[PDB]
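Shown next: my_file_25.txt, containing compact mmCIF, C-alpha atoms.
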# COMPACT_ATOMS: atom_id res chain seq x y z
CA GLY A 1 -8.22 30.78 -42.14
CA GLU A 2 -11.70 32.17 -42.63
CA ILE A 3 -12.57 31.66 -38.97
CA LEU A 4 -9.17 32.84 -37.80
CA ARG A 5 -10.23 36.17 -39.34
CA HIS A 6 -13.58 35.83 -37.59
CA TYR A 7 -11.73 35.60 -34.27
CA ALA A 8 -9.59 38.66 -35.05
CA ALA A 9 -12.84 40.61 -35.62
CA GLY A 10 -13.91 40.26 -32.00
CA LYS A 11 -16.58 37.75 -33.01
CA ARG A 12 -16.65 35.27 -30.13
CA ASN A 13 -19.52 32.90 -30.86
CA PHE A 14 -19.06 29.87 -33.10
CA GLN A 15 -21.54 27.15 -32.07
CA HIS A 16 -22.03 23.94 -34.03
CA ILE A 17 -19.33 24.89 -36.51
CA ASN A 18 -18.42 21.91 -38.68
CA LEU A 19 -14.62 21.87 -38.33
CA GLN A 20 -13.73 18.27 -39.23
CA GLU A 21 -9.97 17.76 -39.81
CA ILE A 22 -8.50 21.28 -39.92
CA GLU A 23 -5.07 22.46 -38.85
CA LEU A 24 -5.14 25.19 -36.17
CA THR A 25 -1.71 24.25 -34.78
CA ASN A 26 -0.70 26.85 -32.13
CA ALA A 27 -3.79 29.01 -33.01
CA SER A 28 -5.40 31.28 -30.40
CA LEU A 29 -9.10 30.60 -29.76
CA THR A 30 -9.17 31.91 -26.14
CA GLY A 31 -12.59 32.69 -24.69
CA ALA A 32 -14.55 31.63 -27.76
CA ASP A 33 -17.76 29.61 -27.67
CA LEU A 34 -16.99 26.37 -29.55
CA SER A 35 -20.01 24.42 -28.14
CA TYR A 36 -21.14 21.45 -30.34
CA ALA A 37 -18.68 21.86 -33.15
CA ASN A 38 -17.89 18.74 -35.14
CA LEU A 39 -14.12 18.55 -34.57
CA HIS A 40 -13.41 14.94 -35.59
CA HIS A 41 -9.65 14.48 -36.12
CA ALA A 42 -8.83 18.18 -36.15
CA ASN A 43 -5.22 19.27 -35.51
CA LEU A 44 -5.10 21.76 -32.60
CA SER A 45 -1.69 20.80 -31.17
CA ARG A 46 -0.60 23.56 -28.74
CA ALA A 47 -3.67 25.64 -29.64
CA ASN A 48 -4.70 28.17 -26.99
CA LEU A 49 -8.22 27.18 -25.89
CA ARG A 50 -8.35 28.65 -22.35
CA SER A 51 -11.85 29.40 -21.02
CA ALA A 52 -13.38 28.38 -24.33
CA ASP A 53 -16.67 26.52 -24.32
CA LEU A 54 -16.00 23.04 -25.70
CA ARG A 55 -19.08 21.40 -24.06
CA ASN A 56 -20.64 18.52 -26.09
CA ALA A 57 -18.28 19.01 -29.05
CA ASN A 58 -17.15 15.92 -30.95
CA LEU A 59 -13.36 15.78 -30.57
CA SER A 60 -12.93 12.06 -31.33
CA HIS A 61 -9.34 11.33 -32.41
CA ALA A 62 -8.47 15.03 -32.72
CA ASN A 63 -5.00 16.17 -31.66
CA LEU A 64 -4.87 18.66 -28.79
CA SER A 65 -1.39 17.45 -27.76
CA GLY A 66 -0.03 20.42 -25.88
CA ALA A 67 -3.23 22.41 -26.47
CA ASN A 68 -4.11 24.89 -23.73
CA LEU A 69 -7.32 24.05 -21.88
CA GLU A 70 -7.31 25.95 -18.51
CA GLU A 71 -10.74 26.60 -17.06
CA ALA A 72 -12.24 25.62 -20.41
CA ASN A 73 -15.67 24.05 -20.17
CA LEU A 74 -15.36 20.55 -21.62
CA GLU A 75 -18.54 19.29 -19.90
CA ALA A 76 -20.00 16.30 -21.75
CA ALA A 77 -17.53 16.43 -24.63
CA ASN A 78 -16.68 13.53 -26.91
CA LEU A 79 -12.93 12.95 -26.47
CA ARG A 80 -12.81 9.27 -27.51
CA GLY A 81 -9.43 8.32 -28.95
CA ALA A 82 -8.08 11.88 -28.72
CA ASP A 83 -4.34 12.48 -28.19
CA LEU A 84 -3.90 15.13 -25.44
CA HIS A 85 -0.24 14.31 -24.64
CA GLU A 86 1.34 17.18 -22.68
CA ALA A 87 -1.94 19.07 -22.95
CA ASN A 88 -2.84 21.46 -20.17
CA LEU A 89 -6.19 20.78 -18.44
CA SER A 90 -5.70 22.73 -15.16
CA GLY A 91 -8.99 23.80 -13.62
CA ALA A 92 -11.08 22.78 -16.60
CA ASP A 93 -14.63 21.44 -16.22
CA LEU A 94 -14.45 17.93 -17.67
CA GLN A 95 -17.65 16.72 -15.93
CA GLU A 96 -19.39 13.71 -17.47
CA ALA A 97 -17.31 13.94 -20.68
CA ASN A 98 -15.95 10.70 -22.17
CA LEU A 99 -12.19 10.20 -22.40
CA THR A 100 -12.29 6.53 -23.58
CA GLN A 101 -8.77 5.73 -24.76
CA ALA A 102 -8.12 9.43 -24.81
CA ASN A 103 -4.34 9.69 -24.49
CA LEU A 104 -3.35 11.99 -21.58
CA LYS A 105 0.34 11.07 -21.05
CA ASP A 106 1.99 13.93 -19.11
CA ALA A 107 -1.17 16.08 -19.13
CA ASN A 108 -1.85 18.63 -16.35
CA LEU A 109 -5.28 17.83 -14.80
CA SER A 110 -4.68 19.86 -11.61
CA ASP A 111 -7.88 21.10 -9.93
CA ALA A 112 -9.98 19.84 -12.86
CA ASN A 113 -13.52 18.62 -12.23
CA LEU A 114 -13.80 15.11 -13.69
CA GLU A 115 -16.70 13.79 -11.57
CA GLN A 116 -18.53 11.09 -13.54
CA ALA A 117 -16.43 11.44 -16.65
CA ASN A 118 -15.55 8.13 -18.24
CA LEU A 119 -11.80 7.48 -18.46
CA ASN A 120 -12.23 3.88 -19.69
CA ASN A 121 -8.85 2.56 -20.90
CA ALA A 122 -7.48 6.10 -21.08
CA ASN A 123 -3.76 6.81 -20.97
CA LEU A 124 -3.05 8.52 -17.65
CA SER A 125 0.67 7.66 -17.66
CA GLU A 126 2.68 10.35 -15.85
CA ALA A 127 -0.43 12.59 -15.74
CA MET A 128 -1.10 15.18 -13.00
CA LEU A 129 -4.49 14.45 -11.40
CA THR A 130 -3.68 16.57 -8.34
CA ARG A 131 -6.78 17.73 -6.42
CA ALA A 132 -8.95 16.65 -9.33
CA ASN A 133 -12.55 15.77 -8.54
CA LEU A 134 -12.87 12.19 -9.74
CA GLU A 135 -16.03 11.48 -7.72
CA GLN A 136 -17.85 8.53 -9.28
CA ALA A 137 -15.74 8.55 -12.48
CA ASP A 138 -14.95 5.19 -14.04
CA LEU A 139 -11.25 4.57 -14.56
CA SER A 140 -11.58 0.89 -15.53
CA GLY A 141 -8.68 -0.32 -17.64
CA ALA A 142 -6.96 3.06 -17.51
CA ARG A 143 -3.18 3.26 -17.63
CA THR A 144 -2.12 4.67 -14.27
CA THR A 145 1.67 4.21 -14.36
CA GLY A 146 3.28 7.33 -12.97
CA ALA A 147 0.00 9.22 -12.56
CA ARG A 148 -0.21 11.68 -9.65
CA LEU A 149 -3.57 11.35 -7.88
CA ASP A 150 -2.44 13.36 -4.83
CA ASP A 151 -5.23 15.08 -2.86
CA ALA A 152 -7.78 14.00 -5.49
CA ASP A 153 -11.37 12.98 -4.68
CA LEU A 154 -11.93 9.32 -5.50
CA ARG A 155 -15.15 8.82 -3.52
CA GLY A 156 -17.53 6.80 -5.62
CA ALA A 157 -15.23 6.31 -8.57
CA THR A 158 -14.67 2.77 -9.78
CA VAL A 159 -10.99 1.92 -10.15
CA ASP A 160 -9.21 -1.30 -10.93
CA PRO A 161 -6.85 -2.69 -8.29
CA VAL A 162 -3.67 -1.85 -10.21
CA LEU A 163 -4.60 1.80 -9.85
CA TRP A 164 -4.10 1.29 -6.13
CA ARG A 165 -0.59 -0.03 -6.78
CA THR A 166 0.39 2.70 -9.24
CA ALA A 167 -1.07 6.19 -8.63
CA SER A 168 0.39 8.27 -5.87
CA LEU A 169 -2.59 8.49 -3.54
CA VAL A 170 -1.32 10.79 -0.76
CA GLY A 171 -4.24 12.94 0.27
CA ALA A 172 -6.76 11.12 -1.92
CA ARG A 173 -10.16 10.94 -0.25
CA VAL A 174 -11.82 7.51 -0.40
CA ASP A 175 -14.77 5.57 0.92
CA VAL A 176 -14.03 2.86 3.47
CA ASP A 177 -15.05 0.40 0.72
CA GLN A 178 -12.27 1.88 -1.44
CA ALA A 179 -9.71 1.73 1.40
CA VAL A 180 -10.53 -1.94 1.75
CA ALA A 181 -10.05 -2.30 -2.02
CA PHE A 182 -6.67 -0.59 -1.78
CA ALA A 183 -5.50 -3.05 0.91
CA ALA A 184 -6.72 -6.09 -1.01
CA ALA A 185 -5.01 -4.67 -4.07
CA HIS A 186 -1.73 -5.15 -2.17
CA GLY A 187 -2.63 -8.72 -1.25
CA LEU A 188 -4.13 -8.52 2.25
CA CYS A 189 -7.06 -10.83 2.95
CA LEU A 190 -10.53 -10.14 4.38
CA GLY B 1 28.24 -29.87 33.18
CA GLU B 2 26.39 -31.51 36.06
CA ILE B 3 23.05 -31.19 34.28
CA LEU B 4 24.53 -32.14 30.93
CA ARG B 5 25.22 -35.50 32.63
CA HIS B 6 21.67 -35.46 33.97
CA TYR B 7 20.41 -35.20 30.39
CA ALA B 8 22.64 -38.07 29.21
CA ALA B 9 21.06 -40.24 31.94
CA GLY B 10 17.62 -40.09 30.34
CA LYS B 11 16.41 -37.76 33.09
CA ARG B 12 14.04 -35.39 31.30
CA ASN B 13 12.50 -33.22 34.01
CA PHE B 14 14.25 -30.09 35.26
CA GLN B 15 11.63 -27.60 36.50
CA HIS B 16 12.52 -24.37 38.29
CA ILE B 17 16.23 -25.03 37.90
CA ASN B 18 18.23 -21.92 38.77
CA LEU B 19 20.48 -21.61 35.71
CA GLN B 20 21.47 -17.92 35.77
CA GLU B 21 24.36 -17.11 33.37
CA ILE B 22 25.68 -20.50 32.23
CA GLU B 23 27.25 -21.46 28.93
CA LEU B 24 25.41 -24.28 27.10
CA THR B 25 26.58 -23.12 23.64
CA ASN B 26 25.47 -25.73 21.05
CA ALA B 27 24.25 -28.09 23.86
CA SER B 28 21.41 -30.55 23.24
CA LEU B 29 18.42 -30.18 25.59
CA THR B 30 15.78 -31.61 23.19
CA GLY B 31 12.49 -32.69 24.74
CA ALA B 32 13.39 -31.68 28.28
CA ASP B 33 11.04 -29.91 30.67
CA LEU B 34 12.71 -26.57 31.46
CA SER B 35 9.51 -24.89 32.84
CA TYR B 36 10.17 -21.95 35.25
CA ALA B 37 13.93 -22.07 35.28
CA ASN B 38 15.70 -18.83 36.12
CA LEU B 39 17.77 -18.38 32.94
CA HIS B 40 18.73 -14.70 33.21
CA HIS B 41 21.57 -13.94 30.79
CA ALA B 42 22.42 -17.57 30.07
CA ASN B 43 24.42 -18.41 26.92
CA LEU B 44 22.52 -20.97 24.81
CA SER B 45 23.65 -19.80 21.34
CA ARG B 46 22.77 -22.56 18.82
CA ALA B 47 21.56 -24.83 21.64
CA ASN B 48 19.09 -27.52 20.55
CA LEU B 49 15.86 -26.83 22.47
CA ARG B 50 13.25 -28.43 20.15
CA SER B 51 10.00 -29.49 21.85
CA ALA B 52 11.37 -28.47 25.23
CA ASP B 53 9.04 -26.87 27.74
CA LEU B 54 10.25 -23.30 28.28
CA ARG B 55 6.86 -21.95 29.53
CA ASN B 56 7.12 -19.13 32.14
CA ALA B 57 10.93 -19.35 32.33
CA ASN B 58 12.86 -16.12 32.87
CA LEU B 59 15.08 -15.70 29.80
CA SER B 60 15.66 -11.94 30.11
CA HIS B 61 18.78 -10.90 28.18
CA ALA B 62 19.87 -14.51 27.62
CA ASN B 63 21.47 -15.43 24.29
CA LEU B 64 19.60 -17.99 22.19
CA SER B 65 21.05 -16.57 18.96
CA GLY B 66 20.78 -19.49 16.59
CA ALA B 67 19.25 -21.69 19.30
CA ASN B 68 16.82 -24.32 18.05
CA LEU B 69 13.24 -23.78 19.23
CA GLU B 70 10.88 -25.79 16.91
CA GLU B 71 7.58 -26.74 18.47
CA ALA B 72 9.00 -25.76 21.86
CA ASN B 73 6.43 -24.47 24.31
CA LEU B 74 7.45 -20.91 25.16
CA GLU B 75 3.97 -19.95 26.42
CA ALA B 76 4.15 -17.02 28.85
CA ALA B 77 7.94 -16.86 28.92
CA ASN B 78 9.99 -13.83 29.90
CA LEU B 79 12.10 -12.99 26.84
CA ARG B 80 12.68 -9.28 27.57
CA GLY B 81 15.92 -8.03 26.04
CA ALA B 82 16.91 -11.48 24.76
CA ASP B 83 19.04 -11.82 21.61
CA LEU B 84 17.49 -14.52 19.36
CA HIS B 85 19.26 -13.45 16.13
CA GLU B 86 19.07 -16.26 13.54
CA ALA B 87 17.23 -18.37 16.10
CA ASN B 88 14.75 -20.92 14.84
CA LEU B 89 11.18 -20.55 16.20
CA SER B 90 9.22 -22.57 13.59
CA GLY B 91 5.96 -23.94 14.98
CA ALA B 92 6.72 -22.98 18.56
CA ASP B 93 3.99 -21.92 20.98
CA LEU B 94 4.92 -18.36 21.94
CA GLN B 95 1.40 -17.45 23.20
CA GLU B 96 1.18 -14.54 25.63
CA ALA B 97 4.96 -14.50 26.21
CA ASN B 98 6.72 -11.12 26.30
CA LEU B 99 9.35 -10.33 23.66
CA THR B 100 9.89 -6.64 24.65
CA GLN B 101 13.04 -5.54 22.84
CA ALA B 102 13.79 -9.17 22.27
CA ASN B 103 16.08 -9.16 19.24
CA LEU B 104 14.75 -11.47 16.48
CA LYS B 105 16.73 -10.30 13.41
CA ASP B 106 16.59 -13.09 10.79
CA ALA B 107 14.68 -15.47 13.08
CA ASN B 108 12.34 -18.15 11.65
CA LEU B 109 8.86 -17.67 13.20
CA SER B 110 7.03 -19.76 10.56
CA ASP B 111 3.75 -21.28 11.77
CA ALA B 112 4.44 -20.09 15.34
CA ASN B 113 1.54 -19.16 17.59
CA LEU B 114 2.17 -15.64 18.89
CA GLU B 115 -1.43 -14.61 19.68
CA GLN B 116 -1.38 -11.99 22.45
CA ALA B 117 2.36 -12.08 22.95
CA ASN B 118 3.88 -8.66 23.46
CA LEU B 119 6.48 -7.73 20.85
CA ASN B 120 6.83 -4.13 22.10
CA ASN B 121 9.88 -2.51 20.44
CA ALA B 122 11.18 -5.93 19.42
CA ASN B 123 13.63 -6.36 16.55
CA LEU B 124 11.76 -8.13 13.75
CA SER B 125 14.17 -6.98 11.02
CA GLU B 126 14.36 -9.58 8.22
CA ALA B 127 12.37 -12.05 10.39
CA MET B 128 10.09 -14.77 8.97
CA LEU B 129 6.60 -14.36 10.46
CA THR B 130 5.01 -16.51 7.74
CA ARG B 131 1.61 -17.97 8.73
CA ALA B 132 2.26 -16.95 12.32
CA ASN B 133 -0.78 -16.38 14.50
CA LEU B 134 -0.37 -12.78 15.66
CA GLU B 135 -4.03 -12.39 16.69
CA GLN B 136 -4.29 -9.53 19.19
CA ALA B 137 -0.51 -9.29 19.75
CA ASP B 138 0.92 -5.82 20.32
CA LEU B 139 3.72 -4.91 17.93
CA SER B 140 3.95 -1.23 18.95
CA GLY B 141 7.35 0.26 18.24
CA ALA B 142 8.65 -2.99 16.76
CA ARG B 143 11.26 -2.89 14.01
CA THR B 144 9.57 -4.33 10.94
CA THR B 145 12.11 -3.58 8.19
CA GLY B 146 12.38 -6.62 5.96
CA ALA B 147 10.04 -8.76 8.07
CA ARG B 148 7.92 -11.33 6.20
CA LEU B 149 4.35 -11.32 7.53
CA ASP B 150 2.98 -13.33 4.59
CA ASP B 151 -0.20 -15.33 5.29
CA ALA B 152 -0.02 -14.36 8.98
CA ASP B 153 -3.08 -13.64 11.15
CA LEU B 154 -3.12 -10.00 12.24
CA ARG B 155 -6.77 -9.81 13.33
CA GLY B 156 -6.93 -7.91 16.57
CA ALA B 157 -3.25 -7.14 16.84
CA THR B 158 -2.24 -3.54 17.35
CA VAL B 159 0.41 -2.40 14.88
CA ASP B 160 1.93 0.97 14.19
CA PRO B 161 1.42 2.44 10.72
CA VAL B 162 5.03 1.92 9.60
CA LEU B 163 4.41 -1.81 9.93
CA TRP B 164 1.93 -1.39 7.10
CA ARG B 165 4.65 0.21 4.95
CA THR B 166 7.34 -2.36 5.78
CA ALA B 167 6.18 -5.95 6.34
CA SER B 168 5.25 -8.02 3.35
CA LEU B 169 1.56 -8.54 4.00
CA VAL B 170 0.50 -10.83 1.13
CA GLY B 171 -2.04 -13.22 2.54
CA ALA B 172 -2.22 -11.52 5.94
CA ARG B 173 -5.73 -11.65 7.37
CA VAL B 174 -6.98 -8.36 8.81
CA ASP B 175 -10.06 -6.70 10.19
CA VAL B 176 -11.67 -4.02 8.04
CA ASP B 177 -10.49 -1.56 10.71
CA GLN B 178 -6.93 -2.75 10.03
CA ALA B 179 -7.35 -2.50 6.24
CA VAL B 180 -8.43 1.08 6.74
CA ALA B 181 -5.34 1.61 8.91
CA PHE B 182 -3.15 0.14 6.17
CA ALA B 183 -4.56 2.60 3.59
CA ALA B 184 -4.16 5.59 5.88
CA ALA B 185 -0.65 4.42 6.60
CA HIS B 186 0.08 5.08 2.91
CA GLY B 187 -1.47 8.54 3.09
CA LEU B 188 -5.06 8.11 1.86
CA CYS B 189 -7.69 10.16 3.65
CA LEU B 190 -11.01 9.16 5.26

Could I get this file's structure written as structure tokens?
Amino acid sequence: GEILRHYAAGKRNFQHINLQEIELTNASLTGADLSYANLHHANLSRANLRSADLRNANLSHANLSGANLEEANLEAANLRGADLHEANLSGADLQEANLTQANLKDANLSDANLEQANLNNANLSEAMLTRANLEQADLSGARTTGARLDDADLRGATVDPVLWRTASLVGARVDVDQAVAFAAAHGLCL
Amino acid sequence: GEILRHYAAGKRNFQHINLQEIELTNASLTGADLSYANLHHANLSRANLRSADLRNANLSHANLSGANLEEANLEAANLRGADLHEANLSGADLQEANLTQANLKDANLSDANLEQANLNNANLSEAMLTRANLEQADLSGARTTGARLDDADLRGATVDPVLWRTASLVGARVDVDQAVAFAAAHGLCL
């Protein structure tokens, strides 16, 4: 309301803005610097956040379901609990951010950099991870049913065996150690 | 006919007997020494051959479909072309014998020693390879659809990638090299 008007003024820089539990549903924040804002349980569903700076902002349990995140910088952002269902994360920088039980069902993660992010028990069901850089990320406990990991970089990431029975892995790069894990995960013995 | 009567006399030893293209269908040859006989295109369908010695006998294009082979010694036997459909090979010694386009659809190979046998373009469709020792055997071109390779020893054997998409492999022992081959065979990249 206030800060909608701030955006319509050309003013692009809002850092550390305390935003806890707003409703911006389908609002347009494109290009703005939202670094470190306290967003806890905000409602941004289908907001337009492309190329915004969301780095190290506390998003825990907010709702970005549908929200538009292309090329946004989410580096080191607190996403714990958040519901991102059908949200659009193409080409975003998600490095080292924490998605713990973030809910990503049917999200578009194409060409997103996730290396070292923590996806612990996240919902990846039916999510597009295509060509995403997952190097060293920790997917333990994550829900992989129907996720598309095609052409993604898994080298170094720690994944539970059921991931190897569930994700589509065509093209996925892996360590030899991980290939061995994949085979075991289908019941072969070494 | 003649040699049926020989069997009913207690006479157990027939080595190098030229048998080419007989009909023994459902005959009982149990325990007999049939080493080196020339069997080419004989008809033994559902013959009882348990614990017979068939080592280095020329069986090319014979019909043992259904024939009973438990614990028989088939070591180094010429099986090229042969039709063994529904034949019963449990616990037989098939070491180093050649099965090239032998037809094994729905055969029981359980606990059979196949190490170094040559299964080149053989029909393994729906065949039970359970706990079979396949160490170093060459399965190139073989038809693996529906084959059960559970708990079998694959170490050293050369198998084409589609084997890794088709056989049930639960329990199968494998080299690390082979595990890597399995993963690649599902499209992962190293």

Q: Between B:149, B:49, B:24, B:157, single out the one closest to chain A, counting only C-alpha atoms.
A: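 Nearest to chain A: B:149.
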
Restrict the calculation to only C-alpha atoms, then for each residue of chain B with any atom at most 8 Å from an atom of chain A give the closest atom pair and their distance in Å to one decimal, rows by chain and rising residue number, as JSON lines.
{"residue": "B:169", "atom": "CA", "partner": "A:188", "partner_atom": "CA", "distance": 6.0}
{"residue": "B:170", "atom": "CA", "partner": "A:187", "partner_atom": "CA", "distance": 4.5}
{"residue": "B:171", "atom": "CA", "partner": "A:188", "partner_atom": "CA", "distance": 5.2}
{"residue": "B:172", "atom": "CA", "partner": "A:188", "partner_atom": "CA", "distance": 5.1}
{"residue": "B:173", "atom": "CA", "partner": "A:189", "partner_atom": "CA", "distance": 4.7}
{"residue": "B:174", "atom": "CA", "partner": "A:190", "partner_atom": "CA", "distance": 5.9}
{"residue": "B:175", "atom": "CA", "partner": "A:190", "partner_atom": "CA", "distance": 6.8}
{"residue": "B:176", "atom": "CA", "partner": "A:180", "partner_atom": "CA", "distance": 6.7}
{"residue": "B:179", "atom": "CA", "partner": "A:180", "partner_atom": "CA", "distance": 5.5}
{"residue": "B:180", "atom": "CA", "partner": "A:179", "partner_atom": "CA", "distance": 5.5}
{"residue": "B:182", "atom": "CA", "partner": "A:183", "partner_atom": "CA", "distance": 6.6}
{"residue": "B:183", "atom": "CA", "partner": "A:179", "partner_atom": "CA", "distance": 5.7}
{"residue": "B:186", "atom": "CA", "partner": "A:170", "partner_atom": "CA", "distance": 6.9}
{"residue": "B:187", "atom": "CA", "partner": "A:170", "partner_atom": "CA", "distance": 4.5}
{"residue": "B:188", "atom": "CA", "partner": "A:172", "partner_atom": "CA", "distance": 5.1}
{"residue": "B:189", "atom": "CA", "partner": "A:173", "partner_atom": "CA", "distance": 4.7}
{"residue": "B:190", "atom": "CA", "partner": "A:173", "partner_atom": "CA", "distance": 5.9}

**Q.** Residue contacts of region 123-126 of chain B (9 Å, all atoms listed in the file) excluding same-chain residues fewer than 5 positions away, as number ranges by chain
**A.** B: 100-107, 142-148

Q. Between CA of residue 118 (chain A) and CA of residue 16 (chain A), what is the spacing in Å?
A.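 So the answer is 23.3 Å.
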
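Interatomic distance, CA of residue 154 (chain A) to CA of residue 74 (chain A): 19.9 Å.
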
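Here CA of residue 84 (chain A) is placed at a distance of 17.1 Å from CA of residue 111 (chain A).
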
Q) Once you count only C-alpha atoms, which residues end up no further than 7 Å from (5.6, 3.8, 15.5) in the file's frame, shown as a PyMOL selection string? A) chain B and resi 140-141+160-162

For a cutoff of 9 Å around the file-coordinate point (-0.7, -4.2, 21.4), which residues qualify once you count all atoms listed in the file? I'd like the result as a compact mmCIF listing (two decimals) with C-alpha atoms, in the frame of the given file.
# COMPACT_ATOMS: atom_id res chain seq x y z
CA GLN B 116 -1.38 -11.99 22.45
CA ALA B 117 2.36 -12.08 22.95
CA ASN B 118 3.88 -8.66 23.46
CA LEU B 119 6.48 -7.73 20.85
CA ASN B 120 6.83 -4.13 22.10
CA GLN B 136 -4.29 -9.53 19.19
CA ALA B 137 -0.51 -9.29 19.75
CA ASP B 138 0.92 -5.82 20.32
CA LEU B 139 3.72 -4.91 17.93
CA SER B 140 3.95 -1.23 18.95
CA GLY B 156 -6.93 -7.91 16.57
CA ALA B 157 -3.25 -7.14 16.84
CA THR B 158 -2.24 -3.54 17.35
CA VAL B 159 0.41 -2.40 14.88

Q | Which of B:121, B:26, B:15, B:20 sits closest to residue 56 (chain B) [using all atoms listed in the file] | A | B:15

Could the centre and edge lengths of an axis-aligned box, enclosing all atoms of region 162-179 of chain A in the file with 8 Å extra on each side, be given in Å to one decimal as lines of an AutoDock Vina configuration file?
center_x = -7.3
center_y = 5.5
center_z = -3.4
size_x = 31.4
size_y = 30.8
size_z = 29.7
